[PDB]
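Following: one structure in structure tokens, then a few remarks.
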Amino acid sequence: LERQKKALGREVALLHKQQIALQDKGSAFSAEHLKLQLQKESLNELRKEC
Amino acid sequence: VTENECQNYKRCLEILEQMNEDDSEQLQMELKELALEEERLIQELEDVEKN
């Protein structure tokens, strides 16, 4: 029982770490996509001017 | 050698004579307690495995 409990604790810690990492990665991805959208709009405007 | 062994056996019979016989009721109580402990430990182990 004691050895299994130790293993459980280690697994729980690792899962928590991974979940937080996933959340951060998703937020960064959304921000990057929004930036790309705005950049393409600006590029279209510059094309008109040229 | 034979007399020495006889004396050793006398000593061992003395040490046995000093002893008594244990009660069955207390042993039964301990057995029931151990059974309950084993059952609860099994349940805990299954819960840990599922987690």
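Quick check on segment B:35-51. Is at least one of its residues in a loop (DSSP other than H, G, I, E, B) and surrounded by 10 or more Cβ atoms within 10 Å (Cβ to Cβ)? Step through it out loud before you land on a result.
Just the residues of segment B:35-51 that are in a loop (DSSP other than H, G, I, E, B), to begin with: B:51.
Those left that are additionally surrounded by 10 or more Cβ atoms within 10 Å (Cβ to Cβ): B:51.
Yes, some residue in segment B:35-51 is in a loop (DSSP other than H, G, I, E, B) and surrounded by 10 or more Cβ atoms within 10 Å (Cβ to Cβ).
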How do the pairs read when you match residues in segment A:1-22 that are among the charged types (D, E, K, R) with residues anywhere that are outside any helix (DSSP H, G or I), using Cβ under 8 Å and keeping only pairs 6 or more apart or on different chains? none
Would you please list the contacts, defined by Cβ atoms under 9 Å and residues six or more apart or on different chains, that run from a residue in segment B:30-51 that is without any contact (Cβ under 8 Å) to a residue 40 or more places away in the chain to a residue that is outside any helix (DSSP H, G or I)? B:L41/A:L1; B:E44/A:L1; B:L45/A:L1; B:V48/A:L1
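Search segment B:22-47 for residues being closer than 30 Å to A:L8 by Cα and charged (D, E, K, R), and hand back the single one that is nearest to the other protein chains (Cβ to nearest Cβ). Walk me through how you get there before you give the answer.
Going residue by residue through segment B:22-47, those that are closer than 30 Å to A:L8 by Cα are B:33-47.
Add one more test, that the residue is charged (D, E, K, R), and what stays is B:33, B:37-40, B:44, B:46-47.
Numbers: B:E33: 18, B:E37: 11, B:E38: 11, B:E39: 13, B:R40: 10, B:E44: 6, B:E46: 10, B:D47: 10 Å.
Across segment B:22-47, the extreme among qualifying residues is B:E44.
Only the coordinates and a few stated rules stand behind these numbers; no lab work does. Note that we place each Cβ from the backbone using ideal geometry, even for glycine, and neighbour counts take in every protein chain shown.
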